[PDB]
């Protein structure tokens, strides 16, 4: 529909120009819709940014949630999380620019709305960690919140570095090396 056409054109425009520099009129023209047609679907530019993130994250979570059911151990569940995270962003370079640079807004009001959407993804990491402790696979007395922040922070930094290096190298191929580091640490 026209809705997804605007969403996709927004991903391209925001990635290319930056969020604040982006023009709603330009997003419309690239989507192939009239200027007024965008406002039938979105309140403003902020609504566009939040909705595209909510949408894509919403798709990513529901795929992830059912996919990790097939995997028994916490290590296997985390392996899939990392490879899927890396795979989605490697498949479309515009997406990585949005996630690593453009969604990193400093305005408290806007950033809280962004981080609210992030919560669903981090919740999956929490579940993997809590059930891992239950089985005795994951360290007992380990802080789930801190481990969640290590896992996400590590994955995120790997992506950011890749983005800053013009995405010239294979991000997906780093999946297993990242997993082992998070599993056994630097001492190993």
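Numbering follows the first chain given and starts at 1.
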Stretch with the greater mean C-alpha B-factor as recorded in the entry, comparing 96 to 104 against 74 to 82: 74 to 82
Average Cα temperature factor in the PDB entry - higher stretch of 37 to 45, 136 to 144: 136 to 144
Modelled-residue ranking by C-alpha temperature factor, third containing residue 127: middle
Cα B factor band for residue 64 (lowest, middle or highest third within the chain): highest
Assigned third (lowest, middle, highest) for the C-alpha B factor of residue 173: highest
